[PDB]
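*Asks:* What follows is a single structure, and I will ask about it in a moment.
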Amino acid sequence: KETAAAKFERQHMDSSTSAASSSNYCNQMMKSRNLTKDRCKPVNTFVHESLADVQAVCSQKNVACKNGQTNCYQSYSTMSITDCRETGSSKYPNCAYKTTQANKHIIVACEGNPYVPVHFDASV
């Protein structure tokens, strides 16, 4: 099966663009990354940075995750992110999202060896 690390890349990484360029970014990306296959995932965040810079966050500031776990890490720097949130007209299989572009610190949970991001916790 797909590894947790691979799933994080699929769900959260977009190193191919620097920022969302149009209001349709989330509709396109949620569909193309197969996040709407079974149901409309209600919220998702894409990170517009190199995979290496995001993996490096697992060696930065240790913080508690929202759910209390202590394998979360906050990035020292802000990063380019896109927030995707389901709209009121969203109806499976035609899932619909609002695109919001922002520059925030990210918080990820890390696991494994190599120690890599496997869950996106929050942006602050």
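Letters A, B, ... go to the chains of the structure tokens in the order shown; residues in each chain start at 1; ligands are counted from 1 in the same order.
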For residue A:77, find every residue with an atom within 9 Å (counting only C-alpha atoms), except residues of its own chain fewer than 6 positions away, and show them as JSON, numbers by chain.
*Replies:* {"A": [104, 105, 106]}
*Asks:* Create the file for the chosen residues now, containing C-alpha atoms and written as an mmCIF file, in the first residue's frame.
*Replies:*
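So the final result, stored in again-v3.cif, reads:
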```cif
data_model
loop_
_atom_site.group_PDB
_atom_site.id
_atom_site.type_symbol
_atom_site.label_atom_id
_atom_site.label_comp_id
_atom_site.auth_asym_id
_atom_site.auth_seq_id
_atom_site.Cartn_x
_atom_site.Cartn_y
_atom_site.Cartn_z
ATOM 1 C CA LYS A 104 2.264 30.802 7.159
ATOM 2 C CA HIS A 105 4.357 28.519 9.354
ATOM 3 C CA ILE A 106 3.404 24.912 9.020
#
```
*Asks:* Could you give me, as a short mmCIF file (atom, residue, chain, number, x, y, z; two decimals) with N, CA and C atoms, in the first residue's frame, each residue of stretch 29-122 of chain A that DSSP assigns to helix (DSSP H, G or I) when run on this structure's backbone?
*Replies:*
```cif
data_model
loop_
_atom_site.label_atom_id
_atom_site.label_comp_id
_atom_site.auth_asym_id
_atom_site.auth_seq_id
_atom_site.Cartn_x
_atom_site.Cartn_y
_atom_site.Cartn_z
N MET A 29 -6.74 20.61 -8.17
CA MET A 29 -5.77 19.82 -7.43
C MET A 29 -6.39 18.75 -6.55
N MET A 30 -7.51 19.07 -5.90
CA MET A 30 -8.17 18.08 -5.09
C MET A 30 -8.58 16.90 -5.94
N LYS A 31 -9.04 17.16 -7.15
CA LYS A 31 -9.45 16.10 -8.04
C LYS A 31 -8.23 15.33 -8.56
N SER A 32 -7.21 16.04 -9.04
CA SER A 32 -6.07 15.39 -9.70
C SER A 32 -5.22 14.57 -8.74
N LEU A 51 10.33 19.69 -1.56
CA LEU A 51 10.11 18.57 -0.64
C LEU A 51 11.19 18.59 0.44
N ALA A 52 12.45 18.87 0.08
CA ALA A 52 13.51 18.91 1.07
C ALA A 52 13.27 19.93 2.19
N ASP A 53 12.79 21.13 1.85
CA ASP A 53 12.55 22.16 2.84
C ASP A 53 11.40 21.76 3.79
N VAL A 54 10.43 20.99 3.29
CA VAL A 54 9.34 20.55 4.11
C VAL A 54 9.81 19.36 4.98
N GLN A 55 10.58 18.42 4.42
CA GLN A 55 11.13 17.34 5.22
C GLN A 55 11.99 17.86 6.36
N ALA A 56 12.72 18.94 6.12
CA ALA A 56 13.59 19.53 7.12
C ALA A 56 12.83 20.02 8.35
N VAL A 57 11.53 20.26 8.22
CA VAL A 57 10.76 20.77 9.37
C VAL A 57 10.78 19.73 10.51
N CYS A 58 10.98 18.45 10.21
CA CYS A 58 11.06 17.40 11.25
C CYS A 58 12.27 17.54 12.17
N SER A 59 13.20 18.43 11.82
CA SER A 59 14.34 18.77 12.67
C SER A 59 14.28 20.20 13.24
#
```
*Asks:* Residue A:14: which residues within 12 Å, counting only C-alpha atoms, same-chain residues fewer than 3 positions away excluded, as a VMD selection string?
*Replies:* chain A and resid 8 to 11 17 to 20 25 to 26 29 to 30 32 to 33 45 to 51 54 79 to 82
*Asks:* Can I get the selection written as a compact mmCIF listing (two decimals), in the first residue's frame, with N, CA, C and O atoms?
*Replies:*
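Output saved as part05.txt:
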```txt
# COMPACT_ATOMS: atom_id res chain seq x y z
N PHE A 8 1.50 11.78 2.22
CA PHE A 8 1.71 13.19 2.56
C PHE A 8 2.13 14.01 1.33
O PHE A 8 1.63 15.10 1.10
N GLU A 9 3.06 13.49 0.53
CA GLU A 9 3.46 14.16 -0.68
C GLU A 9 2.25 14.35 -1.60
O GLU A 9 2.04 15.42 -2.15
N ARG A 10 1.51 13.28 -1.82
CA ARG A 10 0.34 13.35 -2.71
C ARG A 10 -0.70 14.35 -2.23
O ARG A 10 -1.31 15.09 -3.03
N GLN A 11 -0.97 14.37 -0.93
CA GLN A 11 -2.03 15.20 -0.42
C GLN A 11 -1.59 16.64 -0.22
O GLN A 11 -2.42 17.54 -0.25
N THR A 17 4.44 24.80 -8.48
CA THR A 17 3.93 26.14 -8.56
C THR A 17 4.33 26.90 -7.30
O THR A 17 4.52 26.30 -6.26
N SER A 18 4.49 28.21 -7.42
CA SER A 18 4.91 29.02 -6.29
C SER A 18 3.76 29.47 -5.43
O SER A 18 3.95 29.81 -4.28
N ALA A 19 2.56 29.45 -6.00
CA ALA A 19 1.35 29.95 -5.34
C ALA A 19 0.18 29.50 -6.21
O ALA A 19 0.37 29.14 -7.37
N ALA A 20 -1.01 29.49 -5.65
CA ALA A 20 -2.20 29.27 -6.46
C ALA A 20 -2.39 30.49 -7.37
O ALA A 20 -2.25 31.60 -6.92
N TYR A 25 -7.76 26.59 -8.59
CA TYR A 25 -6.61 25.76 -8.20
C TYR A 25 -7.03 24.57 -7.33
O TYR A 25 -6.68 23.43 -7.59
N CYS A 26 -7.80 24.84 -6.28
CA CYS A 26 -8.20 23.77 -5.39
C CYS A 26 -9.10 22.75 -6.09
O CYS A 26 -8.93 21.55 -5.91
N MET A 29 -6.74 20.61 -8.17
CA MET A 29 -5.77 19.82 -7.43
C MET A 29 -6.39 18.75 -6.55
O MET A 29 -5.85 17.66 -6.41
N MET A 30 -7.51 19.07 -5.90
CA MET A 30 -8.17 18.08 -5.09
C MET A 30 -8.58 16.90 -5.94
O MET A 30 -8.51 15.75 -5.49
N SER A 32 -7.21 16.04 -9.04
CA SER A 32 -6.07 15.39 -9.70
C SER A 32 -5.22 14.57 -8.74
O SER A 32 -4.58 13.60 -9.16
N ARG A 33 -5.19 14.93 -7.45
CA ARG A 33 -4.46 14.17 -6.45
C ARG A 33 -5.29 13.08 -5.80
O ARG A 33 -4.85 12.42 -4.86
N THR A 45 -4.60 21.37 2.72
CA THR A 45 -3.59 22.39 2.50
C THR A 45 -2.51 21.86 1.58
O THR A 45 -2.00 20.76 1.80
N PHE A 46 -2.12 22.65 0.58
CA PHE A 46 -1.00 22.37 -0.29
C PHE A 46 0.16 23.32 0.04
O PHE A 46 -0.06 24.49 0.29
N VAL A 47 1.36 22.78 0.03
CA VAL A 47 2.56 23.54 0.35
C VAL A 47 3.40 23.71 -0.92
O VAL A 47 3.74 22.74 -1.59
N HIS A 48 3.71 24.96 -1.25
CA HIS A 48 4.48 25.33 -2.45
C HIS A 48 5.94 25.58 -2.17
O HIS A 48 6.44 26.73 -2.26
N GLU A 49 6.62 24.53 -1.71
CA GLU A 49 8.01 24.59 -1.36
C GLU A 49 8.66 23.33 -1.87
O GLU A 49 7.97 22.40 -2.24
N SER A 50 10.00 23.28 -1.86
CA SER A 50 10.67 22.01 -2.17
C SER A 50 10.36 20.94 -1.12
O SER A 50 10.14 21.25 0.06
N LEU A 51 10.33 19.69 -1.56
CA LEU A 51 10.11 18.57 -0.64
C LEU A 51 11.19 18.59 0.44
O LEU A 51 10.89 18.36 1.61
N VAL A 54 10.43 20.99 3.29
CA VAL A 54 9.34 20.55 4.11
C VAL A 54 9.81 19.36 4.98
O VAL A 54 9.46 19.30 6.15
N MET A 79 6.00 29.66 4.93
CA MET A 79 6.00 28.96 3.68
C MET A 79 4.78 29.39 2.87
O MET A 79 3.78 29.81 3.41
N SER A 80 4.88 29.24 1.57
CA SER A 80 3.76 29.49 0.67
C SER A 80 2.81 28.32 0.70
O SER A 80 3.23 27.18 0.42
N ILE A 81 1.56 28.58 1.10
CA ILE A 81 0.54 27.54 1.18
C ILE A 81 -0.74 27.97 0.54
O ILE A 81 -1.05 29.14 0.39
N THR A 82 -1.50 26.97 0.15
CA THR A 82 -2.84 27.15 -0.33
C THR A 82 -3.79 26.33 0.51
O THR A 82 -3.61 25.12 0.63
```
*Asks:* Which one of A:100, A:4, A:78, A:95 sits closest to residue A:22 if you count only C-alpha atoms?
*Replies:*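 Comparing A:100, A:4, A:78, A:95 against residue A:22, the winner is A:100.
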*Asks:* Taking 3 positions as the minimum chain separation for residues in the same chain, which residues sit within 9 Å of residue A:86 when counting only C-alpha atoms? Answer as a list in words.
*Replies:*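 Neighbouring residues, sequence-local ones excluded: residues 40, 41, 42, 43, 89, 90, 95, 96, 97 and 98 of chain A.
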*Asks:* At what distance in Å, to one decimal, does atom CA of residue A:15 lie from atom CA of residue A:1?
*Replies:* 23.7 Å
